[PDB]
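Next comes just one chain, in structure tokens: the form deposited in one PDB entry.
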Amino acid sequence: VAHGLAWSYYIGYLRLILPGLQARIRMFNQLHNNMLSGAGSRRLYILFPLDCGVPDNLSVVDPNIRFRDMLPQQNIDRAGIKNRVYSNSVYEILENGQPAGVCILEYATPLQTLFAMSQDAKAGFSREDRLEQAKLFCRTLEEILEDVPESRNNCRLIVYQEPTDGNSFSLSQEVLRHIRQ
């Protein structure tokens, strides 16, 4: 279920990462010349492509999203793993070749799991079903996060769908728009 994946993304990740995020940003700024200085820059921006096309490297889908650095790692004992490592990446977003914004950015990994699952021989299901699962994942997550008062200021969910009708969509522009709000 998208249900289970949403509960998993909360319980196994956001729940653990959001409370410590700002301390990790303060440290990043101390080490990297106050690079994450704007208020728009102190959130985790999470990409939810409802089509579930999720590359591992962001430059594969948009040339204007450039890797810059990692936040300090977070270590937590988890399910018998001592110091399980939780990591996040800081990117610089270009506009017309100009550094236009800096933020912590990533995809919601479970959507990449739905993609792979939907295509497998036995596990598979239709694209229309995957779309509905992806939408349900976002909806179920948004429901969970209403009991998480901190989430509002530590993360931003960017949900979108790629056009297929000849209309242009720039992922970089969209991320910039959120950073700037």
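By rigid core we mean the largest C-alpha set that fits within 1.5 Å across both forms. Start at 1 with the first residue shown and count on from there. Residues that one form lacks are left out of the comparison.
From this point on, the text means the form deposited in another entry, which you will not see here.
- Relative to the superposed core, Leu94 shifts its CA atom by less than 2 Å between this form and the one not shown.
- A displacement of 2 angstroms or greater separates the C-alpha positions of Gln74 between this form and the one not shown, with the rigid core held in common.
- After superposing the rigid core, the C-alpha of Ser59 moves by 2 Å or more between this form and the one not shown.
- Annotation for the pair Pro19/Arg84: C-alpha atoms approach each other in the other entry, by 3 Å or more compared with this form.
- A decrease of at least 3 Å in the separation of the C-alpha atoms of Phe28 and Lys82 is found in the other entry, compared with the displayed form.
- Taken over residues common to both forms, the rigid core alignment between this form and the one not shown yields 56 to 62, 73 to 85, 120 to 122, 162 to 167, 177 to 181 as runs of three or more consecutive residues whose Cα atoms shift by 2 Å or more.
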